[PDB]
Structures are given as C-alpha cells and as structure tokens.
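Letter by letter, the chains look like this.
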4 protein chains.
Amino acid sequence: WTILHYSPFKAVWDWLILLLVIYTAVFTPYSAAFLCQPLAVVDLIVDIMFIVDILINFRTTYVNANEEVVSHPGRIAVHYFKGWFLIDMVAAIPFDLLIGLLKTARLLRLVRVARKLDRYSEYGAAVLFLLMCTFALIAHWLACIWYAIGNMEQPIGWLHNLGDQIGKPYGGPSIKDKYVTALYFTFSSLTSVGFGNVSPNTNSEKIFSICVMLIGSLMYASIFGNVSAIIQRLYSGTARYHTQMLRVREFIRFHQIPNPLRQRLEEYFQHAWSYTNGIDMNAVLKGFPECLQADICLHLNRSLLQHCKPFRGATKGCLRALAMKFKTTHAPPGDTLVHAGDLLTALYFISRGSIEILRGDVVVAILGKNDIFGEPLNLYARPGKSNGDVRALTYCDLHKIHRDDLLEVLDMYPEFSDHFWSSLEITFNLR
Amino acid sequence: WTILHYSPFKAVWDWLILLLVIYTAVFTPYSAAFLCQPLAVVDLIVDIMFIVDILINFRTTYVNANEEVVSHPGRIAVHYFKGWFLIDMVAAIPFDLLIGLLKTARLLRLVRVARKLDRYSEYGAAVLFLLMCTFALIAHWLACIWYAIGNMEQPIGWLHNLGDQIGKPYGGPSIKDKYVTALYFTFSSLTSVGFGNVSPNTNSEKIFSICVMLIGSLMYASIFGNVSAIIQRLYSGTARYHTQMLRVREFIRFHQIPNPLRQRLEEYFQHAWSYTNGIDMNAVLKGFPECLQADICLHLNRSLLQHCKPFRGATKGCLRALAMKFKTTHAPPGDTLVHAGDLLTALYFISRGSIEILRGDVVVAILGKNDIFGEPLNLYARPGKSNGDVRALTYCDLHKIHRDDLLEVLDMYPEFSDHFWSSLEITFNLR
Amino acid sequence: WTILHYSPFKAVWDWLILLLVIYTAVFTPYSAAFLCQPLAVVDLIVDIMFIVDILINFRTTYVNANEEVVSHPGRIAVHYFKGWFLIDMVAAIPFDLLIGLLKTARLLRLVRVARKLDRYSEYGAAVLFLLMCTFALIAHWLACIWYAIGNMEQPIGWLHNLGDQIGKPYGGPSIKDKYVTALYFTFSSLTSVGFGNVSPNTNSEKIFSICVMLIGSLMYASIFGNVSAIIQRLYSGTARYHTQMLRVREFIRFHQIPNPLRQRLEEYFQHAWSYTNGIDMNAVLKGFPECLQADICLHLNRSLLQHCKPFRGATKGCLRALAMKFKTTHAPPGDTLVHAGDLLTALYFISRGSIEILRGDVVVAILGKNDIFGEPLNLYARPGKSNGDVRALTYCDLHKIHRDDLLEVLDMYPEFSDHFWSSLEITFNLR
Amino acid sequence: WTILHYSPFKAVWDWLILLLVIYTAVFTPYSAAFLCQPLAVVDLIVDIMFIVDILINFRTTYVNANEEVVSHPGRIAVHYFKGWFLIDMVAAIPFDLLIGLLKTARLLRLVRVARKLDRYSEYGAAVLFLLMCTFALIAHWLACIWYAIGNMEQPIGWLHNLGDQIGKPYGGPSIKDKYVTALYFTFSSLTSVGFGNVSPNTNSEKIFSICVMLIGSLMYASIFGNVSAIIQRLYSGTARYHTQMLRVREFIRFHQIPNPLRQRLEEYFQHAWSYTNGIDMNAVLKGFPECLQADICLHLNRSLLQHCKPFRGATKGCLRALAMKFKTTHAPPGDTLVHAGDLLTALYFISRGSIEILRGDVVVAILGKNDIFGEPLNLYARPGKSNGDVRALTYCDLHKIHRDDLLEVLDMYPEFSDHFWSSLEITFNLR
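- By the method listed in its record, cryo-EM, this PDB entry was determined to a resolution of 3.5 Å.

- Within the PDB entry, the label attached to chain A reads Potassium voltage-gated channel subfamily H member 2, and the organism entered is Homo sapiens.
- Listed as the entry title in the PDB record is "Herg1a-herg1b open state".

Rendered as structure tokens:
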C-alpha cells in the first residue's frame, strides 16, 4: 500500500493541490480587504483536503541525494521531519475562537508551488501561462493593498475622486465599483501606462505608488525578457536554419557557381536538411561510448539482417562492430557519382531508393532495398574498373563501406569471418 | 491543363488572394460596428474570386510528406478533402435572406495567410512589414470592440466626454470623429502612452482596458523583440567582423608588434576578409562529400585547363582529384614569401596577379595567369635551391601543390599519369 | 605594523567607508535644497573617519602593474602621490568660516566606489542591489534639482498646483509634502508613467523634463538590459541543459528508437548529466599542461593507492603518468557491456558501485571498490575469451585501461616497471 | 597637387562638412515653420563652403571595386558623374528671385552622412552619440511638423490650450513659449510618457499622434536595442571571463579539490589569464600561414638572439623554422615541475624570471634570461636523470623544445646544422 512518487496519480493530485492553493491565495486577500455559509464551507473543504495531503505525503516515495531509490515508512518520517514541515504544518490549523489577519498564513501554501516547480517545467509553453498567472496574482495583491490603504485613510483620497467620477457622491460606490478600479490602477501602474482617471493624491499613496512602480518595472522587465527568450529560442531554430541557408547562398553568389551544378548543390542542401535538420549526428554519437555508440548505429542496422543468411549468426559484439562502420550517402534522383576507372575504394551498397547501374546503355543490378553488389576484394588489391557508371532513377540513399576498413574487420574475427567466408553471396557481382 | 504549385503564376495569384483577404478582414468589422451599391458589389466580387480560388485549388499540384512529387486530379481530391476544406468552405457562402454578425466567418479566410506563411518567409525585410500590418489589424479590431462597447452602453461613457471635448454636445460627433478617436485610444493603450484625452470611466470599459493592456503589452514585447532580433542579426554580421578586428588589434597591442611587420599583418587581414568575409570555406566544403566536395573545387579548377594541353584529357574523376589538392595563397604586392635554400617542398604556381621572380637582381619567370613554373620533382628528393627569391609586383594570388601529395597523386593514376608524363611541359623551369 | 591589502579587515573597513559615502551622498543634496546639532555632529564624525581613512591608506599594501608584490612605506608615498589623491584631499576639508554649495565636493567621495568596484564584483546578485541603489540615488538627485527649480522660480509652478491639490492653499505644504511629490514626479518621469498629478507648466520645467526623460530612458534601458542579462545567464544554464535534452529527444523521435533501448539511452543521459553538468572535463584538462594536467587526474587517483601494495612506491611523476591514462565509465544497474568472444582490448577495472561478473549463471569476481581483476597481458597478444558477461547489480561506475597503452607504459619505466613486475597481484584472474 | 582620400586632412574636412550639414538640417525646418542679416549671411557661407567641397571632390583619390588604387583627374570625372552627383548638385543652388519650401532640398545634404558612415564607425562609443543626435533630430522634425499643423489649423487646438495654461490668453504665447512645448510633446510621445499637459484634440492631430507613436516606438525600440548590444558586448567580455571563472570554480567544488593544490590551480588560472585574456593564440596563428605564421612567432623570437653567437648566422627561413617550434610555460614562484628520473623529453629553457635548479640542497644553473641549459641529445637516446628538481624563486616563465622535434630539425639543415654543430655551447650542462 505504497504510492510511487513518479506515478501518474501524483500528477493529477498535484494538479488538484495546485488549483486549490491558487484558489485560496486568490480568495483570501479579497475576503480580508473587502469583507456556516459558502466561505466557511469552502474553508472546511480546503482544510480537510490539505490535511489529507499532509497524511498522504507520509506514504509516497522519495529520492535521496545519495540513494537514488528509497522507500518504506521508516525513512520517510526522519527525512520529512526537520525540513519543509515547518511551513506546511501551520497552514492546516483550523480554529473558530474579527481579526482576520491570521488567514495570511495560508499564503505559505504557495511555497508548495516552488518545491514542485521543476516538474512543471518540462513543458515549455506552460512557462508563459505560469508567468501570466503570477503577474495577475501580484496585480491582485497590489490592488488589495491599494484598497486597504484607501479604506484605512478614509474614515480627498482616491475613493472620493472615484465617487465623483462615476456618479454616486457621498451610499457610495459598490464593492464591485471599488475593486475593478483598484485592479485597473494596479495594472495601469505595473504596465506603466498612467491613464489619469485614478492617481495618488496624499502622502502615503504616493509612497505606495513609488514602491509599486519599482517592483512592477523590475518584474515586468524580467518576465518579458524571459518571454522574449522562449519565443526567440523557438523562432531561432528556424533562424539558424535561415542563417545556414544564407551562408550557403552568399558563398554561391561570391563564387558565381552557374546554374547547372548550383541547382544540384542547392537541392542537395534542402534534401539533406530534411533528414539532418542541421544536427550533426556524430556529436551525440561520440557522447555515448562502447555499446552505447553502436545502439544508435543499431537503428540503421536493419538493412542486411533480412538480405543475408549467414548474417543472422552474428553475436552482439560482431553485429555492433559491423554496424558502426557503415556510412550513408543521400542523393535524390539526378546526382551522378563516381564510376569505372576511378578509385573504387568504397564498396557501394544500398539503403533506400533504387539503383540502376548502366554499363554502356545496358541496365544491370536493378536493386532497391539493402542489396549486395560491388567488386571483389581479396583478388584486386588495385583500383580497377566497374561495368558502368551509377544512374539515379530513385533516391540514391545508399550504404557504403571502405575497402581497407572492410578487409581489416573481416580479418579481425577468427570464427565469424570464417562463417561469413563459408557463404560469400553477392546479389550481382559487377566486375 | 495542370498548374504547378511552384509556378510563378501561383505567386501573383496568392498575392492577389492575400490582398483580397486583407481587404475583407479590414472592412468587415468597420461595417459591422459603424454601419446593390458598392458594399454588395465588392461582396459579390470577393465571393466570386474566392469561389474561383476554391475551384482552381482542385487542379494545382502538391507535395506529400512521403512522396516528393505527386500530380493528377485523382490524388488531389482525397488529400484536400478531410482537411483545411472545413474552414474554407464556410467562408464562401453567399446569402441575402439585419443580424450582420454572420460575416464574421470571413475572418476565417485570414487562416489562408498562416498556411502559406512559409512561402513569404525567405525575404528578411518582409517580416517587419507583415508584423506592422498585423499590429495595425489588431489595433483596428480593438478599436472596433471599443466603439461597439461605447455604443451598446450608451443608449457618462467616453462618447459623452468626446462630444464635450470637440464641441458637438448632445446630432453628436460624426462617424469620422468617432472612429479616429477609438483607434487613437487603442494605440495609446497598446503602446502604453496614456495621453488622458479619452479614458475608461465605467465598470466594463475598465475591464476591457485591462484586457487590452495585457494583450497589447505581450504582443508589443514579443513583436519588437523579434524586430530587435532581425535588426541585430544584420548588424551583428558586421559586429562579428568588428569583434574579429578587435581581437586582432588587442593581440597586436598586447605583443607590441612594431609597425614594419604590423602593417603587413593588418593589410593581409583586411584583404583576406575582403575575399573570405570571415567564412571558413573548409566547413561548408566538408558538408558535401565525394563529388559534391569537388564541385566547389571545380570553380577554382579553371587554371590549367587553357594553360596545359595534356590537361584536357582528364576524366571527371581525375579532374576532381587534381582539383581537390590545390591550395591558394593571397598576398598583395608588398608581402615576401619563402626563397632559395629553405624548404622548397611546395611547388609554387600562380592563380591571379603576376609573379616576377628575381634571381639576384635578374627578373625571370614573368608569368601572371595560371602558369606552370617551379622545380623538378623526381630528380631531387631533397630541398635544394631555386634561382631567386619571390617578388611582388602585382597581387601574389597564387596556387600551390605539395611535393609529397603531388608525387603520390602522380603515382596514383596508371594511365593518366602516363599521359601527363608523355607531355611534361613547364613554362619556365627554375633550378 | 603593516596591513595587507587583501586582508579581511580591509573588507569590513571598505564596507564601513562605502556606507558612510552613501550616507553623505544621500544627505548632502537634501540639506542643500530643503534646508552643533546632530547635523554638524555627523559632519565632524564623517570628516574624522575619512581623515583616518586617508592616513590608514598610507600604510596598506598595493599591487603594481609590473611588480606583483610590493610593500614598505618607501614606495607607497610615491605611488599614492601624483594620482587619485587630488580628488580625495579636497573631500576632507573642514571649515566653518550661508553659501552651502561648497559641500558638493563631498560627492567626489563617490569616486571611491568606482575604484574598488572590482572588489564587489565577484558576487552575482550584488549587481542588482547596486544598480537599484544607483537608480534610487539618481532619482534623489533629480528630485533635489526639481525642488530647487521650483523654489527658485517661485518667489503657476508645480508648487502652486501641489498646494491646490492637497488642501493647503497659499503656510503652504510642509517639507514632507514637498519632497515626497518631487521624488514621485522624478520616478514617474524616469519609469515613463506620467500620472498627471504633477506636470511641468513653465518654460524651464519643460526643458528639465526633456533632459530627465532622455537621461532616465537611457539609464533605464541600459540598467534593465543588464538585469535581463544576469537573469538570462542563470536561467540559460538550465535552458542549455533543456536544449541538450530537446536535441536528444528530437533525435530519438526522428529515428523511432523503440522503448527497450530508448529507456537505457535516456537514463544514461540524465545520470551522466548529474555528474558532468554538460561540462566537458577534457576542455579544462587541456588548459593545464604537464603536471597541472595530472593534478586533476590526481583527484581520481585514489583507487589503487589502498588496493595495491607495490603501488605505494611510485614517485610523483610515475603516479601522474599512471593517473592520466585511466578512463571512467558510468552505468547504473541495467546497462550491459561487452563480454567474452568480443574484443577484450580494454582491461576493465572498478571505481565505485559493484561488479558481479556471471560466468554462465555462476557469479565470480564480486568486487566493488577500486579492485584489480581482468585478463593476462603478455601471454595473449590476442583478443581471447573471458569467463562470462558483465552484470549490473550496483552502479557500474568503473575504471578502464587499454591493452596497448598499459603495455607501452609498463615498458616505459626501467625500474618502476621492475618493481611492479616483482609483485603482479590480481584480486581475481578471470581467463 | 592631388589629395589622398585617406589623408588626415580629409578627416578634419569631413568633420567640418558634417558639422555644417548638421547646422543646416537643424536650422532650416525651424526657419521654415516659425519664420542681408545673419540668416542670409550664413546661407551664403554654407553655399560657398559646399561649392568648395564639390570642386575639391574633383581632385581627391578614390578606390574602385576592382582597382585598389586609382588616381589622376582622367578617371575621377567619369566615376563621379552618373552617380551621387544628382543628389549633391541640386543642394548647392543659390537663388533670390515667400515660398520657403524650396530650402527642403538642403535636407539632401544629410545623405553625405550616410555615404561616409563607414569611416565614423571605427570608433565604438561614437555610435551612442550619433544615435542620440539622430533621435534629437527626428524629435526636432516632428516638433516642427506639430507646430506647422497647429498654426495651419488655427487661423480648440493645442495652441489655445497652451495659451490658457501659461497665462497669455488670446498677443498670445511667444515663439519661445511655442517651440519648447512642441518639442516637449514630441519627446513625451516618442518616449511614451504622456504627461497630459498638451494632448491632441482635433481629428488631424490624433492621426499625426498615431503616426508619431508608431514611428517613435519602432525607432526607440531598435535604437535602444542597439544600445543594449554595444553595452552588453563590452560588459560581456568581462562576463565571459566571469563565466570561465565560474566554470572552473564549479568544477573544483564538484571534485572537492582540497586547498593545497587548489590554490596552485586557481593562482595558475589568474596569472595565465593575465597574459592570455582568454584568447587562444593558436587560432589567430593558424589563420596566418607560412611566413605569416612565424611573424607572430618572431615577437617571442628575441630570446636566443643575444644569448648565442652562432645563432646570428641564421637566415630568414632557418630563423622562422627554429622560432615556430618553441613552447612557453608560465608558472609563478611556487609551482614545481618534473624532475630527474622521469621523462626528460622536453629540453627546458628559460624566457623570463629565473631558474635555480637544486641538486640535493645544492643550487646550480642560476640563469634568468633566455639561457641555455639542459641535457645532451645524441648520446642518450634514453630518458635518464638530471642533477636535481626544478625550483621556483622567480616566475617560471620559460621556453621549451622537444627532443624528437629538436633532433629532427637539427637533422633538417644541411649547412645551418653544421654551423650550429661547430659551436655547440651550453651555459650549464646538467647531467
């Protein structure tokens, strides 16, 4: 009967607790300033729910700084005591015994937001909503303080000016006509607008206005600098792509690069970006060593599994090693590659698309999916010639290995190399 | 009778459609709030044009996520249905049957802007114009809402204050004197100015003012943060050049570096930047492999094509191989280079400018454009001596190859090396 | 009887001097504008304290640009003279002899803040407090100038409007009711709010308002841009971690990467970040060469000190050499590594956690802390076979060395290698 | 009788021309709106000076895009014609023949600022002054337009409100009391303050206010974003140093690193930064190839010139080669280095400071400035031992060479090596 701290139940329970804390924090200052039955009913509901939360905290698991995993109620009690329980215990104190200031301790429940703030941060767009909610909460608190100051100093404040403006001279303005204007002034002072309908006129209201101006200016600047940061990150991924494209284009325009090869270069650029997205796979590859290096290579190592029968006998390490050495060339139909006579160092294979090698207007080796063609290895020791040049009917998304690397790795295995040598099958051997 | 989706006709057609959507979106809220004949004439024209657009969309091509190219009307119907047609179909519904709210569905045509937003996005300055137009559109909508609120609540609102200010007490202000002030207030509340001529005075106008203040503050911050971003990119290319220059100059000032060599170093810096612009060509070179690597090398591979007769017999692969190994040095007249006695490893060639090698006050090898001079290769195997030091009359923009690399590549070809050996011509052989 | 310039006594003394300078700078303009006894008492105390500071400056040490360390009173006098003494000497001039402008020279003591500004600068949050204090000080000075202008021009200024607003027509407003409003206006003009209670009405007040608007706009923009900078650095460390996580997750989602290996990869990522924090240790390692390179390597060089007896005889250089070649792999229980049959190149050791090698359902070599197991070296010269695959009970935070590197280093030492060869002890030799 | 375009005379002449253009641009709109004798006197002076400028432009040199250097009056006429002469010629047209609008063509002289804007940009702080001057100029133009609108529409505008506020009902306000308020309003609308003293009340003033609000908001945002950019660059050099220090400190705190070696590491960090300033010299070294690589190395190649007699016979290339291979170690007194028994690969030399090698409590080889000590080379072929460990009395800022590199380079020269071998002198040969 133990609850996991990362269980999805804790997520919805924390959502409920957060919403309840927001409700309390919003409703208590308004009640304090402007003011059985629903208020005490909701108070009792809140107290019972938070008591249930305090008790259920005694059962959930936790992660220690040293011990990654720790459970059972023997260790939760010592950790939870002598800690954040000081703030939480005073929050859930029900008493009836006006003197309504004692409910301000409920604001301490807002601390519960900060200690789980990390988990809410895994979404990126939620930051904007949380920041706007916090700004509205600060505005609400400042409006509460404004109204409190007005009431306490009015036993020519802003209350009389408000009564004059909207006709209700003194009766007086209603509670609704006294809270909307306070929040209006608070926003007009945090956003630095200053409409002039309501403005401080005494000696304490001006000091409060100065304090609000400073706090709001600081908070506004920092918050919307953060907003600019999140917005500019999302748009700056695309802006980095744009800068790469601009770099390529200015490099082209500086070196003339007439159209016929320039179109190949450009289209190569877009189609390559379609798969790489600017990310260099080698960087994240080198971060993960040994078998973790090849686990990424395992994802492109589904090519020759079903296209070679002796290939199925490979062990984990052998398969890893043969996977790590494959290279991938990307070329949409229209890009021609090396041909006979030149260096036939790399043994060209296929990954996707199709290959239609043309040996002097004769199509040979029509293979499309992870097939085995190429040149002999141990009998050449020389960059000879092939049947004909490569041709591009479909995408030339193909695999490559290297003569030296492949011969070295095939000399590496004592027995796996013998097994592969027992069945050296090639779909089309093009001399 | 099929139209290409990337044809230039689609560009001007989408310009026309965009302008028409802007017209409708601007003119419908004003008509809704402040209000045969021209209005219905334009309405009919808009409906007919957008119906024509809907039908012509049934013929243009499209690009699938998987299939790069796909055409013919068999596949356009299934893709276009069950998609964005839901928003587009309701837009083009003409009916006469006041209740003018039903035209608000025309605002859905603005969605057509978003789905082609990428096609506008290659231009850099167009972002500013689009952002300003969107800001003006939001201001127009907020002014419309402001006027609607004023009219509905006035059967001491801002309308009476406006009538008092500009003398027309109530007749009343004209439609022109009622729309300019609303847009004025909307801008004075989005830009956070707050002049005080017009200001909310009731309980709904203040709530609307708070909402406008929040929305405008957020939009203003984000939009002009983006504006700052585009401005700082364009100015920060030059600022990056400035920082490179600052790095160079602080490095010079930290190490004294008296004038005689410092002027050479500096002038080298500016003239090198004039050609490279800070861009490292090797970085973009390595992005394109195999023949895509040498396509860039082909652009500087026009030196010995017209300056050597056996050079014309090279195949594409041989040409690529010989092009990839060339290096280029830039030195305007005034920079002296290596001379006799020292390592004559690299075989110095020419690319531009002119070379006037001086062998002890005797000028030899006066060659300017992609000429072949240097030292013998197979008979030295030793860094011997040359006729004299290099001299700089014109720019020393010259080619270089390496002894080891050149001998290895000339040993690489079985037959091309034999052909080149058959005609080993040098313009001036300087021992 | 000499005081060190970096002694902690100087820290508290400079704190006291700074606080006294702030006191003087705050209190002198207010006295100048709005105005024995405590005023002269404090004046005398300030003068005496700053005289004591001037004399004690004649004894503290200093650091020359060329000479890092220099002391004794012979050299302090020549350096301190012909320097900043010109500003400091005029500050401490007591005279009684109204003409209260002569106290403005005390503002020169604020220069003492700038010359020790670096010593405050290691803290990060202190920048915010200093910036806010400077902003408040500028606001105070501008309020002083505003009140001075008002008084000098009033022998329909803002003073009469203030007297009208808060009822005290003219007696007149009190000194308290005349300073709060001036500072209020100064803040409402620096923050760009413009409430409208107090506003310039003459021809000099408008010029002053323009000057204040320009200065405040510039200072506000620069200061809160800096505030945004410090905020975004602290939050952008976490944002850089977030971007790394986003890169990893988009790379995973682009390549499918089903759950069974994806969970291993992810958990590897978080636990690796827990130890490296994104910092590449090799970068800072390469900054320090020779023995400074191995000092960092000495911190992980406490493994075999207590786990091998001949290991204690190593000199400092031998210890450095053996430490620099060790590698560390992190794998919490759940990650399997290379096994028998595959390349047993690296000699696997242990650093933390525990190792429970399983040789065909038989557990062998149960070693947890910096233990020595593996394979023989000189008798294989071949990647042979081990007892069984590695197993993960506890964290596989383990050391590794390389066959070639270890054999080369053991061939390097003439005598240390002989000593190690004399006692070649292995805790569990697994063939 | 030709003037160089980069001569310092052109600098002061351009300063004078710029100041004159600023004078004209400031004074013409004010004269146009608010208005022999000084005005025509200054007009004649300006016309004569700009005619002199136009003629002197016919003699100065210029730089073509292709030709770096070009002079003589034959080529200046063709280039200067069909170009920017269209704007410049209309500027200098004197005529007497009110209709004062024709002087607006003088604003075209402001274009002269843009075409020489690059040369003013080599200073960094001048950007702030130029931006502030441009902002003031835009404010002046907008105030001019405001006053023009007011006068033309007043045959209840802002003029009547101004006359009411400052008591002069209508006579009317003076020209001084009509220009200060216009500029006041223009600044209060560009900075987004909105005091409320003067505010638009008609239907054209509100449109003008909207236009000014938009333009000023855009310009203000962009300009102070640039201001933030320049400020943050200068402070972000120090912030990058701070981030490097923080990286080092968090790396230390994560790995404990007790005090004794930690103080060495830290002090190493600061003293190394004292010379490197975070700049990696190798990066700028590799940018300059061949002899330009060694010219930087020439600046530290003043060590052994005066400390070795056969060293004076080195040629340019030999000296370059011997310079490029020297390494520099920096260590303040307190850092101990490698000693006898360990690898004596590097041949330790001296650059600055002093060296006091201690061979078992015996001080030997007391050499301080670029001296020659070390171990024999051709007779060891083995990492033997030295007399004693290195000791740090003064800064261990010393040179190093490598055994393999030094032996290879001394085998490289056929004759220079023979000359050096003829005199192989060592100040102190420590076995």
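1. Some details on the overall build of chain A
Here's step 1: Assigned secondary structure in chain A consists of 16 helices and seven strands.
Here's step 2: The C-alpha radius of gyration computed for chain A amounts to 36 Å, which surpasses the reference 22 Å derived for 431 residues by more than 25%, pointing to a less compact arrangement than a globule.
Here's step 3: The C-alpha extent of chain A, read off along each of the three principal axes, is 105 × 65 × 30 Å.

2. What about the sheet that holds strand β2 (residues 346-348) of chain A?
Residues and elements named next belong to chain A.
Here's step 1: Read across the open sheet, the three strands follow the order β1-β6-β2; overall the sheet is antiparallel. Every other strand in the sheet has two partners, leaving β1 (327-329) and β2 as the edge strands with one partner each. Taken pair by pair, the neighbouring strands of this sheet meet at an average axis angle of 35 degrees, ignoring direction.
Here's step 2: Together, β2 and β6 (398-402) form the strand contacts of helix α15 (residues 403-412), whose direction differs from that of β6 by roughly 70 degrees.

3. Focus on the interface of chain A and chain B
Here's step 1: At the junction of the two partners, chain A supplies 43 residues and chain B supplies 43 residues.
Here's step 2: For the side of chain A that touches chain B, the secondary structure elements donating two or more residues are α8 (158-165), α9 (175-190), α10 (203-254) and α11 (259-276) of chain A.
Here's step 3: Among the residues making up the side of chain A that touches chain B, the classes are represented as 25 nonpolar, 13 polar and five charged.

4. Here's the deal with the packing of aromatic side chains
Here's step 1: Counted under the stated rule, the structure contains 82 aromatic pairs over all chains.
Here's step 2: Note on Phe254(A) and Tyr275(B): the rings are 5.0 Å apart at their centroids and 80 degrees apart in plane angle, and the pair reads as edge-to-face. Pair noted here: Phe254(A) is in helix α10 and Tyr275(B) is in helix α10 (residues 259-276), and the two residues belong to different chains.
Here's step 3: Judged by relative accessible area, which is 23%, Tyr275(B) ranks as partly exposed.
Here's step 4: Relative to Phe185(B), the ring of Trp146(B) has its centre 4.6 Å away and its plane inclined at 45 degrees; by these criteria the two rings are tilted.
Here's step 5: Among the residues examined, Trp146(B) registers a relative accessible area of 1% and is labelled buried.
Here's step 6: Chaining the aromatic ring pairs together yields one cluster made of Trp146(A), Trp158(A), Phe185(A), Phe208(A), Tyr184(C) and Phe195(C).
Here's step 7: The side chain of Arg119(B) reaches across the aromatic face of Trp15(B), ending 4.3 Å from its centre.

5. Brief notes about the relation of the copies chain A and chain B
Here's step 1: Rotating chain A by 90 degrees and translating it 0.0 Å along the rotation axis places it on chain B, where the RMSD comes to 0.1 Å. Expressed as a symmetry operation, the mapping of one chain copy onto the other fits a four-fold axis.
Here's step 2: Looking at chain A, a mere 9% of its interface residues are interface residues in chain B too, so the copies touch through different faces.

6. Examining the UniProt feature "intramembrane region" in chain A
Here's step 1: Here, UniProt's "intramembrane region" annotation points to residues 180-200 of chain A.
Here's step 2: Secondary structure across residues 180-200 of chain A comprises 52% helix and 0% strand; the distance between its end C-alpha atoms is 17 Å.

7. With respect to helix α8 (residues 175-190) of chain B
Residues spaced three or four apart along an α-helix point in a common direction, a consequence of the helix completing one turn every 3.6 residues.
Here's step 1: In this model α8(B) runs 23 Å from its N-terminal to its C-terminal C-alpha over 16 residues, within 8% of the 22 Å that 1.5 Å per residue would give.
Here's step 2: A positive backbone phi angle near 65 degrees is found at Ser192(B), which sits one or two residues after α8(B).

8. Focus on the domain arrangement of chain A
Here's step 1: Assigned domains within chain A: domain 1 (1-122), domain 2 (123-256) and domain 3 (281-429).
Here's step 2: With centres defined by C-alpha atoms, the gap from domain 2 of chain A to domain 3 of chain A works out at 63 Å.

9. Let's talk about the environment of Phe269(B)
All names here are of chain B.
Here's step 1: In this fold, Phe269 is placed in helix α10.
Here's step 2: Each C-alpha atom of the pair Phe269 and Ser192 lies 48 Å from the other, and the pair is 77 residues apart in sequence.
Here's step 3: With residues near it in sequence (within four places) discarded, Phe269 still touches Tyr241, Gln244, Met245 and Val248.

10. A short note on the environment of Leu4(C)
Residue and element names in this part refer to chain C.
Here's step 1: Relative to the helices and strands, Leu4 is located in the segment before α1 (8-34).
Here's step 2: Owing to a relative accessible area of 40%, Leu4 belongs among the partly exposed residues under this scheme.
Here's step 3: For the pair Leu4 and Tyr23, spaced 19 residues apart in sequence, the C-alpha to C-alpha distance is 27 Å.
Here's step 4: Not counting residues within four places of it along the chain, the set of residues in contact with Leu4 comprises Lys10 and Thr61.

11. A look at helix α13 (residues 291-299) of chain A
Here's step 1: Along α13(A), eight of the nine residues are buried, which leaves the element largely enclosed by surrounding structure.
Here's step 2: Within the span of α13(A), buried status applies to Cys291(A), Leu292(A), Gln293(A), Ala294(A), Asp295(A), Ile296(A), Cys297(A) and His299(A).
Here's step 3: The elements touched by buried residues of α13(A) are α12 (281-287) and α14 (316-324) of chain A together with α9 (203-254) and α10 (259-276) of chain C.

12. Here we look at unusual backbone geometry
Here's step 1: Non-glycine residue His72(A) carries a positive phi angle of around 70 degrees.
Here's step 2: As for its placement among the helices and strands, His72(A) is situated in the loop between α2 (37-56) and α3 (73-80).
Here's step 3: Overall, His72(A) belongs to the exposed group, its relative accessible area being 66%.
Here's step 4: Despite not being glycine, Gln256(C) shows a phi value in the positive range, around 60 degrees.
Here's step 5: You can see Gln256(C) is positioned in the loop between α9 and α10.

13. Examining the packing of helix α13 (residues 291-299) of chain D against helix α14 (residues 316-324) of chain D
All names here are of chain D.
Here's step 1: Interaxial distance between α13 and α14 falls to 9 Å at its minimum, and their mutual angle equals 70 degrees. Looking at the two axes, α13 sits roughly perpendicular to α14. Read as a crossing pair, α13 and α14 show a hand that is left-handed. From α13, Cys291, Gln293, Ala294, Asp295, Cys297 and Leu298 reach across to α14, where they touch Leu319, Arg320, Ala323 and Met324.
Here's step 2: The class makeup of the residues in the contact of α13 with α14 is seven nonpolar, one polar and two charged.

14. What about the pairing of strand β3 (residues 355-358) of chain C?
Here's step 1: Note that β3(C) and strand β4 (residues 363-367) of chain C share three bridges and pair antiparallel. The partner of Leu358(C) across the bridge, within β4(C), is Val363(C).

15. Section: the packing of helix α1 (residues 8-34) of chain A against helix α7 (residues 126-153) of chain A
Residues and elements named next belong to chain A.
Here's step 1: Running from N to C, α1 and α7 cross one another at 10 degrees; their axes reach a closest spacing of 9 Å. By the criterion of interaxial angle, the relationship of α1 to α7 is roughly parallel. On α7, the residues touching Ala25, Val26, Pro29, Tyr30, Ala33 and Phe34 of α1 are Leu137, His140, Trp141, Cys144 and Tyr147.
Here's step 2: Class assignment of the residues belonging to the contact of α1 with α7 gives a composition of 10 nonpolar, one polar and no charged.

16. Points about the pattern of salt bridges
Here's step 1: Under the definition given, this model contains 28 salt bridges over all chains.
Here's step 2: Two residues, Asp389(A) and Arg391(A), come together in a salt bridge whose shortest N-O distance is 3.0 Å.
Here's step 3: Close ionic contact of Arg106(B) with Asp43(B) constitutes a salt bridge, the shortest N to O distance being 2.7 Å.
Here's step 4: Under the relative-accessibility criterion, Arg106(B) is labelled partly exposed at 24%.

17. Topic: the side chain of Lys178(B)
Residue and element names in this part refer to chain B.
Here's step 1: With respect to the helices and strands, the residue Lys178 is situated in helix α8.
Here's step 2: No salt bridge is formed by the buried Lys178, whose closest oppositely charged neighbour, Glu205, lies at an N-O distance of 13 Å.
Here's step 3: Contacts of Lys178, omitting those with residues within four sequence positions, involve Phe34, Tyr147, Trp158, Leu159, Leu162 and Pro173.

18. A few points about the sheet that holds strand β2 (residues 346-348) of chain C
All names here are of chain C.
Here's step 1: As summarised here, the arrangement of the three strands in space is β1-β6-β2, forming an open sheet in which the pairing is antiparallel. Pairing within the sheet leaves two strands with one partner each, and these edge strands are β1 (327-329) and β2. On average, adjacent strands in this sheet sit at an angle of 35 degrees to one another, irrespective of strand direction.
Here's step 2: As paired elements, β2 and strand β6 (residues 398-402) share three bridges and run antiparallel to each other. Along β6, the bridge assignment pairs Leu347 with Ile401.
Here's step 3: Along the sheet, helix α14 (residues 403-412) makes contact with β2 and β6, crossing β6 at roughly 70 degrees.

Reading guide: rules and limits
- Residues numbered from 1 in each chain as written, not as in the entry; some residues may be left out.
- Chains lettered and ligands numbered in written order.
- Heavy atoms only, no water.
- Residues with missing side-chain atoms left out of burial classes, pairs and counts.
- Helix = DSSP H or I, 4+ residues; strand = E, 2+ residues; numbered from the N terminus.
- Rg over C-alpha atoms; globule rule 2.2 N^0.38 Å.
- Pairing = 2+ DSSP bridges.
- Axes fitted to C-alpha atoms, helices over the stretch in contact; angles between N-to-C directions.
- Contact = heavy atoms within 4.5 Å.
- Nonpolar A, V, L, I, M, F, W, Y, C, P; charged D, E, K, R; others polar.
- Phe/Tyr/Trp six-rings, centres within 6.5 Å; stacked < 30°, edge-to-face > 60°.
- Buried < 20%, exposed > 50% of the residue type's maximum accessible area, 1.4 Å probe, protein only.
- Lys NZ or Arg CZ within 6 Å of the ring centre and 35° of its normal.
- Least-squares fit on C-alpha atoms.
- UniProt positions renumbered as here; feature names shortened; annotations may be inferred.
- Expected span 1.5 Å × (residues − 1).
- Domains from an automatic or database assignment.
- Parallel < 35°, antiparallel > 145°, perpendicular 65-115°, else oblique.
- Left-handed = near helix turned anticlockwise from the far one by under 90°.
- Salt bridge = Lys/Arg side-chain N within 4 Å of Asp/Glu carboxyl O.
- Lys, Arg positive; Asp, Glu negative; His and termini not counted.

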